[PDB]
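Just one chain follows, in the form solved without naringenin (NAR), and it is written as structure tokens.
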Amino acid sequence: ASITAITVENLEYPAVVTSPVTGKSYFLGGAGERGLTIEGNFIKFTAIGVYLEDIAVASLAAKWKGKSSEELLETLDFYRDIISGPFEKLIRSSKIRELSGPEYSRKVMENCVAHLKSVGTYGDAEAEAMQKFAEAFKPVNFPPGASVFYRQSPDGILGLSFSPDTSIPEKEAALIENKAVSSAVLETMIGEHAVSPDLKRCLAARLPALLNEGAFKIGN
């Protein structure tokens, strides 16, 4: 029934959004902050948020209704269903400190290639996809408040969009047509080998109450 908005360093993630690209509607699964530990201070650089298409609740209901937040958090199978579920996911990275495209994209692409190799799915096609991934970021710069949108289609496509603020762009900058790569980004965020668990905790905390309703519709 009730999802709440999350604000990370004055960057707000509304509880619900609708894509001008797909016309689909998503609910906020979780949000957190990323950065680097440099010297004796942790410096925030980006805010990160994960949205799940509204139909995801009905999809996850069968296996995960009734389970507590504590149990979901310790269950890899649950996050695999989220990562690879038959619904669209939308990931928004908003900058707290200014970063060029190559600057921000470096660590993400490294984590992706690291995982793709890890699971034996990094051939020529996947390499080209990550090259195309890189190219899309190169002509971009992200002042504070600027955002990147990863649209993970369940049909094996990753759409990349860039925005000067937190609004969803009307058009996408690039389409990376590769199944393995399409889910790679989200895997590095909530997958088994994801370092920061803040988003997993957000998902574990927020989904059970929703799954109890068996379904989610925008504005009901």
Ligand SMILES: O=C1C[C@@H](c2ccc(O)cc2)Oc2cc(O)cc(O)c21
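Sequential numbering from 1, following the sequence displayed.
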Stretch with higher mean Cα temperature factor, 38 to 46 vs 175 to 183, is 38 to 46
Mean C-alpha temperature factor, higher of 149 to 157 and 189 to 197: 189 to 197
Highest CA temperature factor in the entry: which of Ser105, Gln131, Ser84, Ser94? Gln131
Entry-reported C-alpha B-factor of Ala136 relative to its chain, by third, is lowest
Going by what the PDB entry lists, where does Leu90 fall on CA B-factor within its chain: lowest, middle or highest third? lowest
Based on the entry's values, in what third of the chain does the Cα temperature factor of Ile168 lie: lowest, middle or highest? middle
Considering only modelled residues of the same chain, in which third does the CA B-factor of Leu11 rank: lowest, middle or highest? highest
Thinking about Cα B factors across the chain, which third does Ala31 belong to? highest
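Form solved in complex with naringenin (NAR): not shown, discussed below.
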Would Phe45 show up as a contact with naringenin (NAR) in the bound PDB entry if we use heavy atoms at 4.5 Å? yes
Is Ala62 close enough to touch naringenin (NAR) in the bound PDB entry, meaning at least one heavy atom pair within 4.5 Å? no
Look up in the bound PDB entry whether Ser161 has a non-hydrogen atom within 4.5 angstroms of naringenin (NAR), and give yes or no. no
Would you classify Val181 as touching naringenin (NAR) in the bound PDB entry, given a 4.5 Å non-hydrogen atom cut-off? no
Choose one stretch from 134 to 142, 96 to 104, 71 to 79, 119 to 127: the one whose residues place a heavy atom within 4.5 angstroms of naringenin (NAR) in the bound PDB entry. 96 to 104
